[PDB]
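Basis: the model, the stated rules and, where named, an outside source; no laboratory read-out is quoted. Because the Cβ atoms are built from the backbone with ideal geometry, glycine has one as well, and the counts that use them run over all protein chains shown.
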Amino acid sequence: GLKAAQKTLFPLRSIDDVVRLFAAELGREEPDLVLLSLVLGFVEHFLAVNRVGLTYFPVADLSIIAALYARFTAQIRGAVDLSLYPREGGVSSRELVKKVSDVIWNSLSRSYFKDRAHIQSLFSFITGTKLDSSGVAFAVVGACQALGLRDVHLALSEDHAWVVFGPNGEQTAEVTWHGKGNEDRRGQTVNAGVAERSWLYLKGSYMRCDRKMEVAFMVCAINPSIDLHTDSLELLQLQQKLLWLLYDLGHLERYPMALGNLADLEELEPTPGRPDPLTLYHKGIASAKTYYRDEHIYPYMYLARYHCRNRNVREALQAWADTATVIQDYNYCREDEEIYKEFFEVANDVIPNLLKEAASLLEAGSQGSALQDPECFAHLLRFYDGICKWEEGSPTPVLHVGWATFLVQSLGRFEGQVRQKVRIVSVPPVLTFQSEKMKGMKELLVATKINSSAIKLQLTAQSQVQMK
């Protein structure tokens with residue numbers, strides 16, 4: 001049951017009332033994930049999914065929220081019999097975690113589109129019997145909290161979610177699906193994925209949430225988008241206020257992606273007296289370096305995108321070179337295709353467009369241009385070096401000739417006299433290459449006219465030219 005003290009702020013009549021509820025829950029022993037997710041899902045439904053009749057804020061009456069809460073706790077209590085799964089030592093068993101995951105799974109609609117917006121919350125689970133992948137993982141954690149299983153917590157990589165549990169919180173279990181058309185591993189550890197050094201499991205440097213970070217996850221999971229062209233200003237404001245609440249309490253310290261989300265929101269609508277977006281992007285990077293062995297990709301991607309939106313070519317290139325410096329120490333594995341797609345888009349779409357405009361601006365007499373800065377050429381080379389190194393040792397290749405066309409184009413945007421200024425130094429501006437592909441490219445990088453067939457051959461598996 002909801003406790004009397006959790007009920008005193010209702011009805012929630014505004015954004016600020018929702019913030020007060022979050023503040024009150026975060027001041028408790030254990031914030032109530034089920035309560036909080038139902039409230040966010042309710043207000044998201046009436047602010048983004050169906051705004052018919054909206055005049056200011058969708059008032060959340062206790063009767064409505066308590067009935068939804070009852071629908072959730074009744075299903076879980078009815079379907080999970082704890083007596084069948086004795087808690088040896090005040091911690092949960094793998095079989096109990098599997099049973100909770102099965103209860104959530106089996107409740108879902110038989111067929112639906114899993115990539116849809118607004119299917120992340122317990123409100124969606126109860127009212128639509130629909131959840132997205134990470135929403136299932138969150139729902140398992142919320143169900144386990146409702147059952148009294150204090151040791152079950154959300155684990156997060158940059159592209160997946162699962163749970164940790166058991167003695168010392170040591171154990172991992174898959175509870176949801178990943179992607180589309182991958183091998184289901186529900187009930188299993190994540191140790192094989194850690195051991196193969198895939199991006200999906202971050203070499204083990206994934207997030208282990210406490211209950212406060214699970215609150216942060218649901219706040220990051222708010223989706224303000226009404227349609228392809230329109231975001232809810234109300235939900236943007238709510239998400240931003242809740243993220244500042246979490247920030248002030250210390251609960252974003254170990255949550256790089258939340259810091260990037262908050263930076264993006266500040267760029268859209270700055271809050272007076274708060275840190276600038278750039279400061280926040282750098283805090284996200286610092287969080288990843290401090291708590292996650294600098295093994296995360298997205299802190300640098302967030303930064304690079306900010307610089308790319310502000311047409312700061314130099315700083316954008318630097319940040320994408322830093323993204324590649326992280327990926328180089330991974331193996332490219334079968335379920336890592338999201339980060340492959342991201343690197344492909346940066347190399348083969350975003351950087352080309354940025355350099356195309358820089359070339360037009362140089363023609364018009366720009367000063368201090370990235371295209372005249374050898375340190376920016378060095379960043380471009382370091383980006384490709386990290387992608388080539390990533391590929392080394394990987395079970396699946398990364399580069400192909402479709403990348404080569406864009407590499408040659410991008411190289412050519414820098415004049416030979418600029419390119420010549422970078423010194424590529426061996427172990428045992430200056431740049432050291434880690435990848436064997438780039439080390440073999442070195443001479444080709446300073447010619448007045450780039451040799452395109454030679455570059456293609458060096459970047460790719462191809463080793464012959466056409467016969468005729």
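Contact map, the stretch 411-425: first residue over 15 Å from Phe383 (Cβ atoms) and not assigned by TED's automatic domain parsing to the domain that holds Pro374, second residue of a type outside the set (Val, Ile, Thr) and outside any loop (DSSP other than H, G, I, E, B), Cβ cut-off under 6 Å, separation 6 or more or different chains; the map is empty. Applying the criterion of at least 1 residues that are farther than 24 Å from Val39 by Cα to the helices (runs of 4 or more DSSP H) found wholly in the stretch 79-158 leaves 94-107. Going residue by residue through the stretch 264-272, is there one that turns out to be in contact with a helix residue (DSSP H, G or I) (Cβ under 8 Å, 6 or more places away or on another chain), outside the structural domain of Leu362 (by TED's automatic domain parsing) and polar (S, T, N, Q)? So far as the stretch 264-272 goes, yes, one or more of its residues are in contact with a helix residue (DSSP H, G or I) (Cβ under 8 Å, 6 or more places away or on another chain), outside the structural domain of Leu362 (by TED's automatic domain parsing) and polar (S, T, N, Q).
Just one of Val219, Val215, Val175 is touching a strand residue (DSSP E or B) at 6+ places or on another chain (Cβ under 7 Å) and not aromatic (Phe, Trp, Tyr); which is it? Explain how you work it out, then say what you get.
Details: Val219 fails: touching a strand residue (DSSP E or B) at 6+ places or on another chain (Cβ under 7 Å); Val215 fails: touching a strand residue (DSSP E or B) at 6+ places or on another chain (Cβ under 7 Å).
One residue alone meets the criteria, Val175.
Report whether or not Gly393 is over 21 Å from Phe433 (Cα atoms) and part of a loop (DSSP other than H, G, I, E, B).
Numbers: over 21 Å from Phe433 (Cα atoms): no; part of a loop (DSSP other than H, G, I, E, B): yes.
Answer is no for this residue.
Of the listed requirements (1) under 22 Å from the mean Cα position of the chain (by Cα); (2) of a type in the set (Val, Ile, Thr); (3) closer than 21 Å to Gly187 by Cα, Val103 misses just one: (1). Note on the stretch 290-319: residues that are under 16 Å from the mean Cα position of the chain (by Cα) and either surrounded by fewer than 15 Cβ atoms within 10 Å (Cβ to Cβ) or part of a loop (DSSP other than H, G, I, E, B) (or both) amount to 5. Scanning the stretch 251-266 for residues that are more than 12 Å from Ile285 (Cα to Cα) and under 10 Å from the mean Cα position of the chain (by Cα) gives a single hit, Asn261.
With the requirement that a residue be outside any loop (DSSP other than H, G, I, E, B) and either touching a strand residue (DSSP E or B) at 6+ places or on another chain (Cβ under 6 Å) or closer than 16 Å to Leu362 by Cβ (or both), what does the stretch 396-425 give you? The answer is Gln409, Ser410, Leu411, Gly412, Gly416, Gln417, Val418, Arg419, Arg423, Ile424. When the stretch 9-47 is limited to residues that are under 21 Å from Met213 (Cα atoms) and among the small types (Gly, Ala, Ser), the one that is surrounded by the fewest Cβ atoms within 10 Å (Cβ to Cβ) turns out to be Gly27. Selection of the stretch 237-251 for residues being among the aliphatic types (A, V, I, L, M) and closer than 12 Å to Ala263 by Cα yields only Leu243. A Cβ distance below 7 Å, combined with a sequence gap of six or more or placement on separate chains, defines the contacts here; from the stretch 270-291, residues that are on the phi > 0 side of the Ramachandran plot reach no residue that is β-branched (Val, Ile, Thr).
With the structure loaded, tell me whether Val91 is more than 24 Å from the chain's Cα centre (by Cα) and buried (at least 18 other Cβ atoms within 10 Å of the Cβ) or whether it fails that test. Please lay out each step first, then the result.
Numbers: more than 24 Å from the chain's Cα centre (by Cα): yes; buried (at least 18 other Cβ atoms within 10 Å of the Cβ): yes.
Judged against the criteria, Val91 is a match.
Would you point out which residue out of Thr176, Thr172 is under 21 Å from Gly135 (Cβ atoms) and assigned to a strand (DSSP E or B)? Give the derivation first.
Numbers: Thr176 fails: assigned to a strand (DSSP E or B).
Just one listed residue meets the conditions, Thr172.
For the stretch 114-126, give me the residue count where each residue is loosely packed, with under 13 Cβ neighbours inside 10 Å and either among the β-branched types (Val, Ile, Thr) or over 15 Å from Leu228 (Cβ atoms) (or both). Matching residues across the stretch 114-126 total 0.
Set side by side, the residues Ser452, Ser463, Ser435 differ, and just one is assigned by TED's automatic domain parsing to the domain that holds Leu399, more than 24 Å from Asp329 (Cα to Cα), hydroxyl-bearing (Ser, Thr, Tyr) and surrounded by 15 or more Cβ atoms within 10 Å (Cβ to Cβ), which is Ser452. Residues in the stretch 418-436 that are closer than 19 Å to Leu317 by Cβ and of a type outside the set (D, E, K, R): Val418, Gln420, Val422, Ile424, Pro429, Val430, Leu431, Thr432, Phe433, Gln434, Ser435.
Of everything listed in (1) over 31 Å from the mean Cα position of the chain (by Cα); (2) surrounded by fewer than 16 Cβ atoms within 10 Å (Cβ to Cβ), the single unmet condition for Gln6 is (2). Here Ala67 meets each of (1) out of contact with any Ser or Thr (no Cβ under 6 Å at 6 or more places or on another chain); (2) assigned to a loop (DSSP other than H, G, I, E, B) with one exception, condition (2).
Taking residues in the stretch 70-84 that are surrounded by fewer than 13 Cβ atoms within 10 Å (Cβ to Cβ), and partners anywhere that are outside any helix (DSSP H, G or I) and not hydrophobic (A, V, I, L, M, F, W, C), not one pair has Cβ atoms closer than 7 Å while being at least 6 places apart or on different chains.
State yes or no: is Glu335 surrounded by fewer than 21 Cβ atoms within 10 Å (Cβ to Cβ), touching a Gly at 6+ places or on another chain (Cβ under 7 Å), in the same structural domain as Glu415 (by TED's automatic domain parsing) and not polar (S, T, N, Q)? Quick ask: steps written out before the conclusion?
On the way: surrounded by fewer than 21 Cβ atoms within 10 Å (Cβ to Cβ): yes; touching a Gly at 6+ places or on another chain (Cβ under 7 Å): yes; in the same structural domain as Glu415 (by TED's automatic domain parsing): yes; not polar (S, T, N, Q): yes.
Against the criterion (surrounded by fewer than 21 Cβ atoms within 10 Å (Cβ to Cβ), touching a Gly at 6+ places or on another chain (Cβ under 7 Å), in the same structural domain as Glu415 (by TED's automatic domain parsing) and not polar (S, T, N, Q)), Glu335 qualifies.
Got a sec? Which of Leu245, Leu259, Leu200, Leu236 is assigned to a helix (DSSP H, G or I) and touching an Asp or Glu at 6+ places or on another chain (Cβ under 6 Å)?
On the way: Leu245 fails: touching an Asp or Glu at 6+ places or on another chain (Cβ under 6 Å); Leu259 fails: touching an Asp or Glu at 6+ places or on another chain (Cβ under 6 Å); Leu236 fails: touching an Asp or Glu at 6+ places or on another chain (Cβ under 6 Å).
Matching residue, one of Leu245, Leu259, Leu200, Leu236: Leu200.
In the set (1) more than 29 Å from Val103 (Cβ to Cβ); (2) outside any helix (DSSP H, G or I); (3) of a type in the set (S, T, N, Q), the condition left unmet by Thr189 is number (1).
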